[PDB]
Structure formats: C-alpha cells, structure tokens
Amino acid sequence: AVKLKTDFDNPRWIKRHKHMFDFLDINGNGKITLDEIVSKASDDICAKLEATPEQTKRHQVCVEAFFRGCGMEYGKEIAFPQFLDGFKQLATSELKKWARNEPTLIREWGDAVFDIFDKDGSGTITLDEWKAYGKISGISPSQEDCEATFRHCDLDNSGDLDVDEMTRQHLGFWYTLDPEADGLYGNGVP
C-alpha cells in the first residue's frame, strides 16, 4: 500500500530534492536548465547505454515531460525554490494520474529506461544493468548502493527488477516520502 498523502513541508523530503538539484547543478551556480538536463539524458546516458535513435528519442521525450512538469523549459534558468514548488506540482499531478489508474510520467520514463535494457526480452532489469545505470547516470555510482537498491526492492525469482516495482518505489521516494521507499538508493540519495 503505497503512501499517497504528500509531505511537502517535511525537511527530509526537501533535502532529498535539494540533493538531486545540487547533483544536476554542474557549475554549482545555484541554477539548472532543461537544456543541461536533456543533454545529460541523450548525449551522455543514452549514448553510453548504446540506445537506438528511437529509444534515445522516447527517453528524451519522457525526460522533457518530467522536468517540464516542474515548470522547466529550454533557455530558462531555474533556482531550487522554484524547482521545488514545480516538483510539488509534478507530484500532485502524478498522484492524480495514479488515482485515475492513468500511467504516470515516472512510469513512462521507467518504460523508456527499461526498454533500453530490454535485450533477451527479459522485460526486466538485472542487477548488473542497474549498476550500469547508477554509474552512467551518476545518481548511484556505488556498486554497494545499487546492490542495496535490489535488496530493498521486491525482485522476481531470478533476482531481477520489474518496472511496476520500481515505479511503485519511485512514486513513494520522489513524491510522498513513503517510509517503505526510504533506502531505495542506499546512501546514494537521502
């Protein structure tokens, strides 16, 4: 039973996103742009994961939608406070879709990442594949933290992760500060 109640004023939820913001703020001037974010997704991440042009584009579209959901746009610098209020709007919009049994932006982003890793048609992500993602995206480079993610989640009998489980975890991790989601990224993200 995922937590659907928001906790936007919680110091821990704020710090989780402040951590992500600072992680995306390259030169550390206290601001980020959609340009820099999409570049990371397409020129860096997708390239190293050897995604096809179509997979790269699908992934790009998902990222653009996720961050535009935070009020971000190309050519505009965003400061943390504004980024955070934007994230609160994305979160409520996502929870509304969840309440309507409509696919969320984080679920669709997940589908795009999972497809890039869908080779033998496993339709899932293995520990090694996630380890690669953690390193290439930079969100969780430590092998230990990636192993912590898999120990944290409910895996199938083969030890692989499925998109519904990751979506479920992410909804609680990014949006509602679900106690069940705490620890999702080991020490990689608070």
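Just count from 1 along the sequence shown to find any residue number.
Participant: Looking only at CA atoms, which has the higher mean B factor in the entry: 162 to 170 or 17 to 25?
Facilitator: Mean B over CA atoms: larger for 17 to 25.
Participant: For the higher mean C-alpha B factor in the entry, choose 88 to 96 or 116 to 124.
Facilitator: Comparing 88 to 96 with 116 to 124, the higher mean C-alpha B-factor belongs to 116 to 124.
Participant: In this PDB entry, which of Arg68, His152, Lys57, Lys48 has the top CA B-factor?
Facilitator: Out of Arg68, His152, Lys57, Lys48, the record gives the largest C-alpha B-factor to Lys48.
Participant: Comparing against every modelled residue in the chain, figure out the third that the C-alpha B-factor of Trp109 lands in (lowest, middle or highest).
Facilitator: It falls in the bottom third of the chain.
Participant: Is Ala148 in the lowest, middle or highest third of its chain when residues are ranked by C-alpha B-factor?
Facilitator: Tercile = middle for this residue's CA B-factor.
Participant: Going by the entry, which third of its chain does the Cα temperature factor of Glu64 land in?
Facilitator: Tercile = lowest for this residue's CA B-factor.
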